[PDB]
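What follows are structure tokens for two forms of the same protein chain, given separately as structure 1 and structure 2.
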Structure 1
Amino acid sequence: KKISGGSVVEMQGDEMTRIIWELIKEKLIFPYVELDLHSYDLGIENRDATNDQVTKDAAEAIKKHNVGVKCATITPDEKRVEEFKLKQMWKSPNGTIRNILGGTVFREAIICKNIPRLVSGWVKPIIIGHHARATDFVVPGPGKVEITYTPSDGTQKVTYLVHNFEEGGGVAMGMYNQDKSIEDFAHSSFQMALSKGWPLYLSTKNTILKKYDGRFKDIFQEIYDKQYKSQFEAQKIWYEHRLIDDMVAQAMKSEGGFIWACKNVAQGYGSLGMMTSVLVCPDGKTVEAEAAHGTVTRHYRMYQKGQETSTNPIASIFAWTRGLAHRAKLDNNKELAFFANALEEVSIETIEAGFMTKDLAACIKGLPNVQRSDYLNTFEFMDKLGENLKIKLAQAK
């Protein structure tokens, strides 16, 4: 009865999202999709118990199985180590995973019409895929800061004066970017664009950063022309370098519906529970979907105290739908593909139908005016989603 979704690496996360994860899996995914589940519990405790080995495993697992849907996970800091008596301040599992899988993250603000956007003109969502450490430092007083490139082939070492501080000090920094990374960024971006049939857009400062950002413009254009150009048009889709400036202006002027590859991480005034991240690996096959938000600690605390919480599961639900959608794509799993979509549709519809969590209700009536009667609580919204998903899916088969 259920549809074999195939193998999917699922990563359990922490706190509120972990609570929602089980609801999403319980109400929205399991009842309709059978999955060869490579479930890894990236719960903060389990990452501790397993010395973060589980994070690396879930990574190698995603590397292996191409599809990773990840629940928000606590990234340990001073407080976390203290709260969980962590044997260590573990690296962000995202960092670990992202470093293992490489790839470019793509945050899509999933948009409901009755939900105010930065630009109410964006009926089509905007997929922003950011690129990526920088070497900043002292400079206490006068002296030359020179950035130096020494070829490994022992040919002439190149020295660029980045600045000669004569008066007082200041601060300097080195940044770099491997062609490889720019290429990955390119492929992940073109890949992502084709994936959603939406036009790609590389925004850089090709002008002020001639050699540097130009390298992106070039590499992108080069990977596009010699790898995706035909593939694009053959979809009405099209890539195009846009100066950060003309690009930000274009977006506001646009109704959205385009992939935006940035080259400079919260920002944005839209609801966090509607922000879906997707680590699109260059290979075009590996993908890791996850809510862009975190474990929603504040909500969890409330949940811990037995208080009514109104956490938005959409970003997590969409992590599932995006991963599953990708699973489907990879496996030509047209039933799973439809389900991923149906679930995305049902999620948006449920919200566009007036049923939402407090945060969304707050996007509409402003926090101060949000009444208990304006939103459903976490469980209530989840149920609603399930009911409609049940409905939506019945309407097909």
Structure 2
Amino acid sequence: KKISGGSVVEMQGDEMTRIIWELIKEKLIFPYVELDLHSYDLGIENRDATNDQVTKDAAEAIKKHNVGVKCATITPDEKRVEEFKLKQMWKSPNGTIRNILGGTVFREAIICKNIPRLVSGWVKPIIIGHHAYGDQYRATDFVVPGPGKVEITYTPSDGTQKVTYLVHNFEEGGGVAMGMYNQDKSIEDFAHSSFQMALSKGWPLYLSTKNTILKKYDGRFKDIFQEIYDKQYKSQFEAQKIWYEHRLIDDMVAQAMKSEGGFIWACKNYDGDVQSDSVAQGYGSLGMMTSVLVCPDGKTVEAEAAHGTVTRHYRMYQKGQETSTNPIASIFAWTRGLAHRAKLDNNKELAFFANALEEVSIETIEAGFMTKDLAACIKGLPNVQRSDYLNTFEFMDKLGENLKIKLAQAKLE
């Protein structure tokens, strides 16, 4: 009696995450749930094999079936082109997908009692989202060769008066300059995703900006969030004993470091990249970072780990050496995905399993069975020895055993 899972769009990936991804399906997922799976290999060979079309096709499956679970993919730089002999430097799959689906990406660390956090006292979860990976990806930048006047202009499409804003008047040398933009359409999406992520998770929501300085730019993020909230989300927030409030980023950081957690943060940063966030990097185990892509309708969810393909470990695997790669984030991609499926289907057996799997993963670590990065968090890297951790299979085997027990006992009721 396997569980009837329903329609899920799976997306296979590259390197160490592919290798693990399979272990998850075989050892933790398929022995218990029969899915109407809709796989899409997005490993770099096949993306190149199809001219990055398989990426676009997965994005459309996700729209239709409302549930995606994606493995980590190689985004090609120059050296990967030469390494796989690619036809061209294909765009990052994650951006391709999120452009098609609209909506917003939220990351969150998985927190275990026996794993130190930067801030002890952070005990309820911190869930942060950025506006389409950041304001930097919508920047038009160039060098100013010599003296002169840089300006920005609005050209009403109808054809009423132009308006010109002097940016700077370079009077005695060169420099650099750039323009940045955001569409209302897009800010509204960010709003709806954030509010609806908050209702779904049950915590309150904070929008941070720098509207002391960017009065009109960050202003209009605030006013849009406020109009949308006051017009269509307040009653449902009140009903969950939660709220939305805008903060100055200055205020918002000071609070969040003096807090216990349990909130949604809509950061209006310039850079949304995980790899440049000091706190995310500071936990000291990127393998405990989940992500989720929520769309402005509330139905459509795509889940995935926030780390990369772990190329450094992958090269060791190929040469047949020990690896201690952390599967958690990838495991939680499946459980968040499956959980949301269950939400849409009103499928209590799936919801139980999903939660169960998340539960066991933390429990397993808390008993003191874990991968090297987590032991390193406990003891310190120079102090870690081989008998403090399990390799990638030993930890996956352990999670299988503990999952068997959990569900076997849990059945008796």
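Sequence positions of structure 1, starting at 1, serve as the residue numbers. For clarity, a rigid core is taken as the largest C-alpha set superposing within 1.5 Å between two forms.
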Item to check | Threshold 2 Å Cα movement between structure 1 and structure 2 for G270, core superposed | outcome: yes
Checklist outcome for this item: Taking the rigid core as reference, the Cα of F216 travels between structure 1 and structure 2 a distance in Å of 1.0
Checklist outcome for this item: After superposing on the rigid core, the Cα of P140 moves between structure 1 and structure 2 by an amount in angstrom of 2.6
